[PDB]
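Inspection log for the structure reproduced underneath, given as structure tokens.
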Amino acid sequence: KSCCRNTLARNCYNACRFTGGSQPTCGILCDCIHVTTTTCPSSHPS
Numbered sequence: 001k002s003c004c005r006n007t008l009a010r011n012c013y014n015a016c017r018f019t020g021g022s023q024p025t026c027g028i029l030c031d032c033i034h035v036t037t038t039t040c041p042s043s044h045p046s
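Heads up: the sequence shown is residues 1 to 46, going by the deposited numbering.
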């Protein structure tokens with residue numbers, strides 16, 4: 001599970017996932033994370 005700090009960041013993240021930017025790089029550049037939450041947190045709504 002990976003959650004983004006906006007649907008913007010999610011778009012950036014899905015776009016870095018398009019690009020030759022790895023999944024870490026996506027969660028970095030786009031400031032997304034990895035949860036084993038219930039669901040996408042207050043810190044990262046998308």
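Ideal Cβ positions, reconstructed from N, Cα and C, are used throughout, including at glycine.
Quick check on the burial criterion: 16 or more other C-beta atoms within 10 angstroms. Buried or exposed for residue i?
| i | result |
| --- | --- |
| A9 | buried |
| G20 | exposed |
Could you compute how far the alpha carbon of residue i sits from the alpha carbon of residue j?
| i | j | result |
| --- | --- | --- |
| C32 | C12 | 10 Å |
| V35 | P24 | 13 Å |
| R5 | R17 | 16 Å |
| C30 | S43 | 13 Å |
| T38 | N14 | 22 Å |
| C26 | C40 | 16 Å |
Sequence ranges, alpha helix (DSSP H) only - wholly within the stretch 8-34, length at least 4: 23-29
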